[PDB]
Amino acid sequence: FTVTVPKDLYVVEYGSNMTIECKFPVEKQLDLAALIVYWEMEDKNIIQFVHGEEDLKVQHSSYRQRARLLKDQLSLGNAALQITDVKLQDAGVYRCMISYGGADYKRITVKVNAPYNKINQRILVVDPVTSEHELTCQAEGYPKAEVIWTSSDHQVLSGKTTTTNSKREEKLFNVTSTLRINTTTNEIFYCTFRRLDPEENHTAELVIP
Amino acid sequence: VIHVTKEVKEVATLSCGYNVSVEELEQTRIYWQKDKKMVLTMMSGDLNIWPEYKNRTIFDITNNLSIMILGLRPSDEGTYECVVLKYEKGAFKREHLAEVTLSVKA
Ligand SMILES: *[C@@H]1O[C@H](CO[C@@H]2O[C@@H](C)[C@@H](O)[C@@H](O)[C@@H]2O)[C@@H](O)[C@H](O[C@@H]2O[C@H](CO)[C@@H](O)[C@H](O)[C@H]2NC(C)=O)[C@H]1NC(C)=O
Ligand SMILES: *[C@@H]1O[C@H](CO[C@@H]2O[C@@H](C)[C@@H](O)[C@@H](O)[C@@H]2O)[C@@H](O[C@@H]2O[C@H](CO)[C@@H](O)[C@H](O)[C@H]2NC(C)=O)[C@H](O)[C@H]1NC(C)=O
Ligand SMILES: *[C@@H]1O[C@H](CO)[C@@H](O)[C@H](O)[C@H]1NC(C)=O
Ligand SMILES: *[C@@H]1O[C@H](CO)[C@@H](O)[C@H](O)[C@H]1NC(C)=O
Ligand SMILES: *[C@@H]1O[C@H](CO)[C@@H](O)[C@H](O)[C@H]1NC(C)=O
Numbered sequence: 001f002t003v004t005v006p007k008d009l010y011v012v013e014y015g016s017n018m019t020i021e022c023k024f025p026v027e028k029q030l031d032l033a034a035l036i037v038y039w040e041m042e043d044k045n046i047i048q049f050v051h052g053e054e055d056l057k058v059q060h061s062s063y064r065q066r067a068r069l070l071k072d073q074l075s076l077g078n079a080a081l082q083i084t085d086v087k088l089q090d091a092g093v094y095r096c097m098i099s100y101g102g103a104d105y106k107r108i109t110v111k112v113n114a115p116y117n118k119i120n121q122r123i124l125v126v127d128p129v130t131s132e133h134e135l136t137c138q139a140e141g142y143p144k145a146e147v148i149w150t151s152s153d154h155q156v157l158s159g160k161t162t163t164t165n166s167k168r169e170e171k172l173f174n175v176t177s178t179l180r181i182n183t184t185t186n187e188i189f190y191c192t193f194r195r196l197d198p199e200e201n202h203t204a205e206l207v208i209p
Numbered sequence: 001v002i003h004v005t006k007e008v009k010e011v012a013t014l015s016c017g018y019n020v021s022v023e024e025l026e027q028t029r030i031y032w033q034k035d036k037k038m039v040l041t042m043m044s045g046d047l048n049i050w051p052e053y054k055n056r057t058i059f060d061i062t063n064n065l066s067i068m069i070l071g072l073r074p075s076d077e078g079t080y081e082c083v084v085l086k087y088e089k090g091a092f093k094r095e096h097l098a099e100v101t102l103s104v105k106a
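The listed protein sequences derive, respectively, from chains A and B.
Numbering follows the working numbering, in which position 110 of the first sequence is assigned residue number 110; successive positions increment by one, without gaps.
Numbering follows the working numbering, in which position 20 of the second sequence is assigned residue number 20; successive positions increment by one, without gaps.
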């Protein structure tokens, strides 16, 4: 009896719905009474399915409401663990242990990527007599990122950046930056969320109405 | 001897307390047994799990020659013995003995 995995590594976007799979042999019908499936991540228990009975009390608190074993796949010889709304906390080494006419286990590494992809912007008129505007860019990601403001002609402009931890997940950062500039209509501005080694940049375009 | 306590419907991992490299397998004999009854034999690279242990036992060779028992039932409770024998010049000499008693509880 041999347990197999399609992917031994999953790289998942933060907030995504991820399903990691372990395949095991099934012949014609599935004897639910002879099936044992466990899903765990390092020291945390996720799934305990023995002889067609799933215990929920065994599941770790961090996974409640988000993790489930897709029992429809079991018929097809697939122990599929679905985790919805993936957190940074879900990064780690998963392991499935299966018993169905013999026993085996496989390990899956999961890496969670939290880019500053969803940039929220706000353009406000501070004083129309002097055409002063206040521009704001805010995004959450991991690790910390600096905000860089650039003019239409790509010259850097001084802003005020505040970095705190996200309320959604303690590891995640909430970075907000504000630029105050006397500017006219239809001008284009850029706010860049720079994160280092590996260097990754996320820029939002802001147009003054 | 180690007295391990586990719960019904859990997985028990009983360790041999001995790590063998893959190269050393060709000249090593591993014997896991429960209550003087054979469980599995790694005989110079050749694994053989006994019929009463095929369906629920895993042999993690890379992890201290441990045995994993999925879906613990009160039957699984008992004394387990792991033996190592390394071939040297003449024949196989005993290298290691591991004793571990499983207590499966409600
Ligand atoms: C990710 O999955 C979310 C949860 O889905 C539900 O609960 C799971 C535990 C599982 O049983 C699922 O099969 C089940 O649908 C889901 O809420 C989320 O959003 C879905 O997509 C739309 C919004 O983004 C919306 O139209 C759907 O109604 C919504 N699903 C539900 C049930 O509200 C899924 N998001 C992604 C990015 O896939
Ligand atoms: C050890 O497991 C075997 C495996 O049989 C199958 O296991 C699953 C894959 C599932 O599809 C089951 O429905 C199968 O039975 C057991 O062997 C079978 O046992 C039944 C009676 O219990 C018998 O009618 C079958 O012919 C057996 N087939 C073979 C080839 O073994 C076996 O009973 C289990 N033994 C122990 C010690 O638990
Ligand atoms: C992120 O930061 C903004 C600005 O401080 C704040 O109003 C918002 O509630 C924060 N959101 C989270 C999820 O931390
Ligand atoms: C930008 O606006 C201020 C008024 O808010 C005005 O004095 C001037 O035109 C600009 N300030 C500077 C220092 O350029
Ligand atoms: C045994 O311990 C660990 C893994 O269990 C490993 O680093 C070490 O090299 C192992 N020893 C041998 C002989 O392989």
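Using N, Cα and C, we set each Cβ at its ideal position, and we do this for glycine too.
Secondary structure of residue i, DSSP reduced to three states
i, result
"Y87 (chain B)", "strand"
"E23 (chain B)", "coil"
"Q33 (chain B)", "strand"
"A67 (chain A)", "strand"
"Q59 (chain A)", "coil"
"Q29 (chain A)", "coil"
"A139 (chain A)", "strand"
"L14 (chain B)", "strand"
"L40 (chain B)", "strand"
"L196 (chain A)", "coil"
"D76 (chain B)", "helix"
"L124 (chain A)", "strand"
"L47 (chain B)", "strand"
"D104 (chain A)", "strand"
"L88 (chain A)", "helix"
"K23 (chain A)", "strand"
"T109 (chain A)", "strand"
"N63 (chain B)", "coil"
"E187 (chain A)", "coil"
"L70 (chain B)", "coil"
"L97 (chain B)", "strand"
"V5 (chain A)", "coil"
"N165 (chain A)", "strand"
"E170 (chain A)", "coil"
"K144 (chain A)", "coil"
"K105 (chain B)", "strand"
Residues that residue i contacts on chain B, provided the C-beta gap is smaller than 7 Å
i, result
"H154 (chain A)", "Correct list: empty, because the minimum Cβ distance to chain B is about 54 Å."
Chain B contact residues for residue i, given Cβ-Cβ distances below 8 Å
i, result
"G102 (chain A)", "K54, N55"
"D55 (chain A)", "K9"
Endpoints, alpha helix (DSSP H) assigned at residue i
i, result
"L74 (chain A)", "71-74"
Where the beta strand (DSSP E) containing residue i begins and where it ends
i, result
"residue 218 (chain A)", "Residue numbering for chain A in the displayed model covers 1 to 209; residue 218 (chain A) lies beyond these limits and cannot be assessed."
"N55 (chain B)", "Segment: none, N55 (chain B) is in no beta strand (DSSP E) and carries neither H nor E."
"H154 (chain A)", "Run containing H154 (chain A): none; DSSP gives neither H nor E here."
"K6 (chain B)", "2-7"
Minimum Cβ-Cβ distance from residue i to chain D less than 8 Å
i, result
"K9 (chain B)", "No chain D appears in the structure shown, which is made up of the protein chains A and B."
Contacts of residue i in chain A (Cβ-Cβ under 8 Å)
i, result
"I58 (chain B)", "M97, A103, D104, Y105"
"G71 (chain B)", "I36, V50, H51, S99"
"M68 (chain B)", "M97, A103, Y105"
Rounded distance between the beta-carbons of residue j and residue i, thought under 8 Å
i, j, result
"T136 (chain A)", "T176 (chain A)", "7 Å"
"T79 (chain B)", "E99 (chain B)", "7 Å"
"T57 (chain B)", "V39 (chain B)", "7 Å"
"residue 108 (chain B)", "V4 (chain B)", "There is no way to answer for residue 108 (chain B), as the model of chain B reaches only from 1 to 106."
"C96 (chain A)", "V147 (chain A)", "That belief does not hold up - the Cβ atoms of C96 (chain A) and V147 (chain A) are roughly 42 Å apart, past 8 Å."
"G101 (chain A)", "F1 (chain A)", "6 Å"
"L88 (chain A)", "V50 (chain A)", "That pair is no contact at about 31 Å."
Bridge partner(s) assigned by DSSP for residue i
i, result
"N182 (chain A)", "A:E132"
"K160 (chain A)", "A:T178"
"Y38 (chain A)", "A:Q48, A:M97"
"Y10 (chain A)", "A:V110"
"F92 (chain B)", "B:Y87"
"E205 (chain A)", "A:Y190"
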